[PDB]
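Read the structure below first, then the notes.
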Amino acid sequence: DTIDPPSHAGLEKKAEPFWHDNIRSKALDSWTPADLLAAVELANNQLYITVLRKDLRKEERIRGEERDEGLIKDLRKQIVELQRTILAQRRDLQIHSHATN
Amino acid sequence: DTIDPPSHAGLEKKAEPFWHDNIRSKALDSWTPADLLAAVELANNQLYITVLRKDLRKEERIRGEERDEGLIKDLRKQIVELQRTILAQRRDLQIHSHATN
Amino acid sequence: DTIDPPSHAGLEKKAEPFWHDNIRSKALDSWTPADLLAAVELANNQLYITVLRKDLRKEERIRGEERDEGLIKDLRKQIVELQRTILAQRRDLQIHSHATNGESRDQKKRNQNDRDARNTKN
Amino acid sequence: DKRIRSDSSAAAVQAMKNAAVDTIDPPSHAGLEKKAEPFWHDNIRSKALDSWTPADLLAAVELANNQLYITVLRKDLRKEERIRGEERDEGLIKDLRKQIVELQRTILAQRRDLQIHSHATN
Amino acid sequence: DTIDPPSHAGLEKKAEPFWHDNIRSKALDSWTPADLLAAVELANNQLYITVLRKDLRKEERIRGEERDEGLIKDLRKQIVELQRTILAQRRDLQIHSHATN
Amino acid sequence: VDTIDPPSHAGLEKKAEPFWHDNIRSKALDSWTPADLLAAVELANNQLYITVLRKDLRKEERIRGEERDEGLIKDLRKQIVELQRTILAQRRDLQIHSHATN
Amino acid sequence: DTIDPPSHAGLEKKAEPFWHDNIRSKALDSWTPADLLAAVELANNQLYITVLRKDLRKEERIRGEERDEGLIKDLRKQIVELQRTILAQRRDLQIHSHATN
Amino acid sequence: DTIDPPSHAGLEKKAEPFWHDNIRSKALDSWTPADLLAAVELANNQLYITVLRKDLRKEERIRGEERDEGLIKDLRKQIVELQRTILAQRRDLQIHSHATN
Amino acid sequence: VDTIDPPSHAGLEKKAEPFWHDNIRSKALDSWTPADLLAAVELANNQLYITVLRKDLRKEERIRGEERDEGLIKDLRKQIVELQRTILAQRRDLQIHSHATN
DNA sequence: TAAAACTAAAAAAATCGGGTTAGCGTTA
DNA sequence: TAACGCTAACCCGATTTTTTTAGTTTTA
């Protein structure tokens with residue numbers, strides 16, 4: 001009850017869980033080839049947030065002179081940029097809540 | 001009564017109270033798998049504001065030469081950025097007041 | 001009647017007056033659990049403006065070499081940013097005037113009648 | 001549910017009831033500055049008294065404080081513009097000029113949010 | 001016939017000509033107390049443009065080493081910012097052409 | 001007669017009069033309010049000022065060698081675009097843009 | 001048949017070809033005096049792009065130490081800014097395709 | 001079954017898989033010559049994301065003094081810029097989900 | 001004759017002609033005004049210029065070691081996105097975007 | 001060389017044209 | 001004590017202004 005991702009698109013291995021969730025959220029007939037390309041980019045981004053968040057939690061534990069507040073500031077911003085991009089991607093595929101019921 | 005969060009998404013442990021509140025705000029049938037991924041990001045952010053606010057109140061108590069006005073300025077900005085992101089996330093899930101009232 | 005704020009959300013103690021005012025501005029049945037979380041953030045910000053304004057008035061009194069014009073400039077900007085964020089928060093909860101009274105054009109007459117009353121008096 | 005027709009007798013009662021109570025008093029916790037009261041009274045009188053919610057009144061304090069604060073900054077600016085020679089701080093002059101425009105634009109947004117802009121009142 | 005400006009608002013003396021022109025541009029009954037406050041800010045800005053333009057013409061006459069191109073650049077920008085603000089203010093009072101034509 | 005005269009206090013520059021006359025003729029004379037006429041002075045002054053800046057820019061572009069100031073050239077180019085975009089907004093505000101006049 | 005450009009507006013001599021094209025693209029009766037002023041600015045800009053592009057092609061030929069990558073970058077940006085301004089100007093005069101098709 | 005890309009447009013060789021997917025997502029009669037040019041730019045961008053992502057994963061493996069956090073920051077931003085441009089391109093060709101579903 | 005010829009003064013580059021012909025054919029010939037043809041030259045020149053910048057970029061990306069200029073690489077990448085976005089605006093302005101033609 | 005400050009375009013908020021309720025006098 | 005004749009308040013979908021934001025330039 002799913003589709004398999006395009007080979008050329010380059011879905012990361014740990015992103016598959018995310019891919020399956022996105023595809024199941026809209027009628028299977030309604031996925032075009034163009035949409036499936038776009039869905040790879042969405043899944044990759046949803047994965048990448050988990051990776052950056054891990055990086056950030058590490059840096060926040062360090063305390064004293066070693067603590068890099070500049071890096072902390074950057075990781076915080078990169079996480080918000082991804083989150084907002086993901087909202088745009090969802091809207092583009094019409095799998096945002098307004099379009100689904 | 002509620003749904004359980006996706007394992008791969010990475011909901012932080014102290015964010016569960018927030019997760020439960022968000023899911024209860026809209027009919028259970030109307031949550032898709034894509035929406036549940038998005039709801040993890042919302043809950044994590046609602047938690048993270050409480051964490052930053054604690055950090056800020058600490059720095060504001062310090063007075064004299066030790067007081068870092070640059071860090072105070074940054075924490076204040078990061079808190080507004082999160083707040084505005086949360087409004088966007090709510091709208092995307094249709095759990096903002098207009099959609100529920 | 002009112003609602004009590006969520007424990008986990010972390011409403012600051014001196015923010016309670018603000019919380020009560022916001023909740024009373026819309027029908028109690030119409031508050032969801034998601035909205036109540038959002039209402040804590042609104043109340044905290046309405047409090048925090050009063051705190052920054054106090055900080056600013058202090059710095060503006062200082063004169064001479066000690067006067068920090070850079071800090072004065074920053075506090076002034078932070079106050080406008082908060083104010084604009086509060087307008088967005090209000091809109092999100094539908095407790096801004098448009099949502100609690102309707103389209104602008106549908107307020108025209110209501111107001112006229114009041115202006116009229118106010119003359120008959122004088 | 002629907003609001004009373006502005007035709008109704010009922011409507012004309014509320015209007016007369018309204019103008020008897022001339023104004024509302026500002027929330028204590030909000031922190032209206034003392035010299036801002038004149039501005040507060042003008043804003044409240046510009047729309048029907050029944051139509052002010054508790055949420056709106058909090059927001060109206062922020063509007064009044066800003067309308068006052070413009071007069072304060074403008075005084076500061078006129079002082080600096082008189083100074084000439086080496087003492088003249090063109091950097092501060094530039095900043096005061098910008099802060100005044102930012103406030104002005106914020107005030108327009110605040111008015112619209114409370115529905116006391118001309119479109120809603122005329 | 002006209003209205004008199006609020007005392008506390010602080011209409012500058014040389015701004016009165018501008019004040020009178022703005023008030024005459026819409027029916028006298030239709031000015032509320034809130035509008036009159038707002039109209040002071042409009043009149044002060046229409047005055048202030050004339051003041052800055054005088055300052056600019058002075059600096060543009062100076063030539064050689066004394067010429068301050070940085071100040072010239074700033075005065076030019078300040079004049080455009082005022083002009084754009086005045087268009088917003090006009091719209092807010094409904095004395096822009098669309099509302100009066 | 002054909003036109004209106006500009007408000008004295010507004011400060012229409014002398015060489016801007018040709019522009020003023022063109023703008024006023026572009027909409028019915030009865031339809032000009034006192035508020036509009038103030039706004040129309042700012043429009044005319046800006047339409048003049050573009051011609052002045054353009055002259056300044058063409059001078060600097062002729063200079064070549066070490067004397068050539070590329071920083072000033074860059075600034076004059078930007079100032080001219082900002083004015084042009086402001087003029088579009090001003091026209092819209094007076095309803096003398098093409099959409100309103102057919 | 002065409003109209004002749006206003007003298008005071010300052011249409012550049014080599015811009016006339018552009019002027020003629022723009023005027024012919026909409027009914028002659030429908031040009032007001034205000035529009036003709038605006039049309040001069042459009043024609044001057046359409047000319048000036050050709051001039052900057054020539055400047056850019058010169059700089060791109062130079063190679064070695066003499067090559068100014070900073071100027072190349074600036075000329076590239078100035079050309080895009082003009083192009084986008086021209087789109088706005090066209091729309092304002094209602095000689096864009098939507099209005100004429 | 002498909003169309004062949006314009007020679008002058010310059011579709012990169014490894015982009016062909018992407019090209020085929022995009023063309024198949026809309027009725028063949030409905031592709032104009034202008035659209036086909038635009039579709040080359042879309043395909044090239046969908047390819048180029050895979051290339052940048054590879055570059056980024058390399059830099060993220062390096063640790064110690066050699067690690068360039070500045071380059072890591074830049075690659076992360078360039079990937080989001082491409083992704084947002086791709087959404088605009090899709091909308092322009094009407095092969096986004098709203099137009100096809 | 002199923003196309004139009006470009007205005008001489010507009011300055012269509014020689015290698016841009018293939019692009020010009022494709023754009024003109026994408027909309028009914030009667031519907032091209034003289035103003036549109038000027039605008040269409042700018043569109044064609046930009047569609048060409050992307051191919052030129054992309055070639056420049058691929059050269060710089062091959063260089064590795066100390067010679068590699070990451071600053072130039074960053075700039076070329078940005079210039080390519082700016083052009084792309086401008087082209088979308090130009091298409092819409094001429095009504096040869098898919099919505100108008102489908 | 002990073003931090004502050006500008007600036008288009010997209011996402012959002014307000015407005016608007018035209019239709020439908022439904023209250024409420026007022027005429028009988 | 002009704003029935004009828006208006007209007008005000010609300011509603012749906014379209015379009016117009018405005019804010020927010022992603023992204024660039026500037027300045028110390």
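Chain identifiers are assigned as A, B, and so on, following the order in which chains appear in the structure tokens; residues are numbered from 1 within each chain, and ligands are numbered from 1 in order of appearance.
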Notebook entry, point to check: What lies within 12 Å of residue 34 (chain E) using only C-alpha atoms (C1' of nucleotides), ignoring chain neighbours under 6 positions off, as a VMD selection string?
Noted result: (chain D and resid 38 to 47 60 63 to 64 67 107 to 108 110 to 112 114 to 118 120 to 122) or (chain E and resid 5 to 6 9 40 to 41 92 to 93)
Those same residues, written as a CSV table (one decimal), in the first residue's frame with N, CA and C atoms?
chain,number,residue,atom,x,y,z
D,38,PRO,N,-4.4,61.4,28.9
D,38,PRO,CA,-5.2,62.2,27.9
D,38,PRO,C,-5.3,61.4,26.6
D,39,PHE,N,-4.3,60.7,26.2
D,39,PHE,CA,-4.4,59.9,25.0
D,39,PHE,C,-5.3,58.7,25.2
D,40,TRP,N,-5.2,58.1,26.3
D,40,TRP,CA,-6.1,56.9,26.6
D,40,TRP,C,-7.6,57.3,26.5
D,41,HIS,N,-8.0,58.5,27.1
D,41,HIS,CA,-9.3,58.9,27.0
D,41,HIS,C,-9.8,59.2,25.6
D,42,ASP,N,-8.9,59.8,24.8
D,42,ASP,CA,-9.3,60.1,23.4
D,42,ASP,C,-9.6,58.8,22.6
D,43,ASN,N,-8.7,57.7,22.9
D,43,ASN,CA,-8.9,56.5,22.1
D,43,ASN,C,-10.2,55.8,22.5
D,44,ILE,N,-10.4,55.7,23.8
D,44,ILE,CA,-11.6,54.9,24.2
D,44,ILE,C,-12.9,55.6,23.7
D,45,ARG,N,-12.9,56.9,23.7
D,45,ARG,CA,-14.2,57.6,23.3
D,45,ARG,C,-14.5,57.4,21.8
D,46,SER,N,-13.6,56.8,21.0
D,46,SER,CA,-13.7,56.8,19.6
D,46,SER,C,-14.5,55.6,19.0
D,47,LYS,N,-15.1,54.8,19.9
D,47,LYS,CA,-15.8,53.6,19.5
D,47,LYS,C,-16.7,53.2,20.6
D,60,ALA,N,-5.0,48.6,24.3
D,60,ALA,CA,-5.2,50.1,24.2
D,60,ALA,C,-4.2,50.8,25.1
D,63,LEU,N,-1.1,51.3,23.0
D,63,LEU,CA,-1.3,52.3,22.0
D,63,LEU,C,-1.0,53.7,22.6
D,64,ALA,N,-1.6,53.9,23.8
D,64,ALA,CA,-1.5,55.2,24.5
D,64,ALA,C,-0.1,55.5,24.9
D,67,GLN,N,1.8,56.6,21.8
D,67,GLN,CA,1.4,58.0,21.3
D,67,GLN,C,2.1,59.0,22.2
D,107,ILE,N,1.9,52.5,15.3
D,107,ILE,CA,0.7,53.0,15.8
D,107,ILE,C,-0.4,52.8,14.8
D,108,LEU,N,-0.1,52.9,13.5
D,108,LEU,CA,-1.2,52.6,12.5
D,108,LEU,C,-1.7,51.2,12.6
D,110,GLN,N,-1.6,49.3,15.3
D,110,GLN,CA,-2.4,49.1,16.5
D,110,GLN,C,-3.8,49.6,16.4
D,111,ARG,N,-3.9,50.8,15.7
D,111,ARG,CA,-5.3,51.4,15.6
D,111,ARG,C,-6.1,50.4,14.8
D,112,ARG,N,-5.6,49.9,13.7
D,112,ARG,CA,-6.4,49.0,12.8
D,112,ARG,C,-6.9,47.7,13.6
D,114,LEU,N,-7.6,47.5,16.7
D,114,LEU,CA,-8.7,47.8,17.7
D,114,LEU,C,-9.9,48.3,16.9
D,115,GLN,N,-9.9,48.4,15.6
D,115,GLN,CA,-11.0,48.9,14.9
D,115,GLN,C,-11.3,50.3,15.3
D,116,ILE,N,-10.3,51.2,15.5
D,116,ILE,CA,-10.6,52.6,15.7
D,116,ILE,C,-10.0,53.4,14.5
D,117,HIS,N,-9.7,52.7,13.4
D,117,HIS,CA,-9.2,53.4,12.2
D,117,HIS,C,-10.4,53.9,11.5
D,118,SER,N,-10.2,54.9,10.6
D,118,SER,CA,-11.3,55.7,10.1
D,118,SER,C,-12.3,54.8,9.3
D,120,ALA,N,-13.4,51.9,9.9
D,120,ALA,CA,-14.4,51.3,10.8
D,120,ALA,C,-15.3,52.3,11.5
D,121,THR,N,-14.9,53.6,11.6
D,121,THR,CA,-15.6,54.6,12.4
D,121,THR,C,-16.3,55.6,11.6
D,122,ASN,N,-16.5,55.5,10.2
D,122,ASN,CA,-17.0,56.7,9.5
D,122,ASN,C,-18.1,56.4,8.5
E,5,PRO,N,-6.3,71.6,17.0
E,5,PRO,CA,-5.5,70.4,17.3
E,5,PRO,C,-5.4,70.1,18.8
E,6,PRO,N,-5.4,68.8,19.3
E,6,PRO,CA,-5.2,68.5,20.7
E,6,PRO,C,-3.9,69.1,21.2
E,9,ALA,N,-0.8,66.6,22.0
E,9,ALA,CA,-0.3,65.9,20.9
E,9,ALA,C,1.0,66.6,20.4
E,40,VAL,N,-2.3,64.8,13.7
E,40,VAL,CA,-1.2,65.7,14.2
E,40,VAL,C,0.1,65.0,13.6
E,41,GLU,N,0.3,63.7,13.7
E,41,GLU,CA,1.5,63.1,13.2
E,41,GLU,C,1.6,63.2,11.7
E,92,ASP,N,-4.9,55.7,6.2
E,92,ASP,CA,-5.4,55.4,7.5
E,92,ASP,C,-6.5,56.4,7.9
E,93,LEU,N,-6.5,57.6,7.4
E,93,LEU,CA,-7.5,58.6,7.8
E,93,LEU,C,-8.6,58.7,6.7
task = Mind the document's chain letters and residue numbers, and return as a ChimeraX atom specification the residues of chain B that DSSP labels helix (DSSP H, G or I).
result = /B:13-23,28-30,33-61,69-93,97-100
What's around residue 13 (chain F) at 10 Å? Count only C-alpha atoms (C1' of nucleotides), leave out sequence neighbours fewer than 4 positions away in its own chain, and write the answer as a ChimeraX atom specification. /F:17,20,41-42,44-45,48-49
Generate a file of the selected residues that holds N, CA, C and O atoms, formatted as a compact mmCIF listing (two decimals), in the first residue's frame.
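Below you can see again.txt, which holds the result:
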# COMPACT_ATOMS: atom_id res chain seq x y z
N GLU F 17 7.47 73.02 -12.07
CA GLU F 17 6.16 73.47 -12.49
C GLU F 17 5.67 72.70 -13.72
O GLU F 17 4.52 72.29 -13.74
N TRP F 20 4.23 69.55 -12.51
CA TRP F 20 3.01 69.81 -11.77
C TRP F 20 1.82 69.94 -12.70
O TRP F 20 0.80 69.30 -12.50
N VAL F 41 2.47 67.89 -4.75
CA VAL F 41 3.72 68.63 -4.75
C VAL F 41 4.88 67.66 -4.59
O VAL F 41 5.89 67.78 -5.29
N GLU F 42 4.75 66.69 -3.67
CA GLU F 42 5.80 65.73 -3.44
C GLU F 42 6.07 64.90 -4.70
O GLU F 42 7.20 64.49 -4.93
N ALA F 44 5.68 65.91 -7.86
CA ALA F 44 6.30 66.74 -8.89
C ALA F 44 7.77 66.98 -8.55
O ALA F 44 8.62 66.91 -9.42
N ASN F 45 8.05 67.25 -7.28
CA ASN F 45 9.42 67.42 -6.84
C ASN F 45 10.24 66.18 -7.16
O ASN F 45 11.38 66.30 -7.59
N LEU F 48 11.04 65.84 -10.85
CA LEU F 48 12.12 66.75 -11.19
C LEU F 48 13.44 66.15 -10.76
O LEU F 48 14.39 66.13 -11.54
N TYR F 49 13.49 65.67 -9.53
CA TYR F 49 14.76 65.31 -8.93
C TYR F 49 15.43 64.17 -9.67
O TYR F 49 16.64 64.05 -9.60
Find the residues around residue 11 (chain G) up to 10 Å (only C-alpha atoms (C1' of nucleotides) counted), leave out those fewer than 2 positions away in its own chain, and share them as a ChimeraX atom specification. /F:51 /G:5-9,13-16,19,37,39-44
Pick out the chain B residues within 12 Å of chain J. Count only C-alpha atoms (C1' of nucleotides). Give them as number ranges by chain. B: 70, 74, 88, 91-92
| task | Please provide as a list in words all residues within 9 Å of residue 39 (chain C), with the sequence filter that same-chain residues fewer than 4 positions apart are discarded (counting only C-alpha atoms (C1' of nucleotides)). | result | residues 5, 19, 22, 23, 34, 35, 43, 44, 89, 90 and 93 of chain C
Each chain I residue no farther than 12 Å from chain J, nearest pair in Å, only C-alpha atoms (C1' of nucleotides), as a Markdown table:
| residue | atom | partner | partner_atom | distance |
| --- | --- | --- | --- | --- |
| I:85 | CA | J:9 | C1' | 10.6 |
| I:86 | CA | J:8 | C1' | 11.5 |
| I:89 | CA | J:9 | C1' | 10.5 |
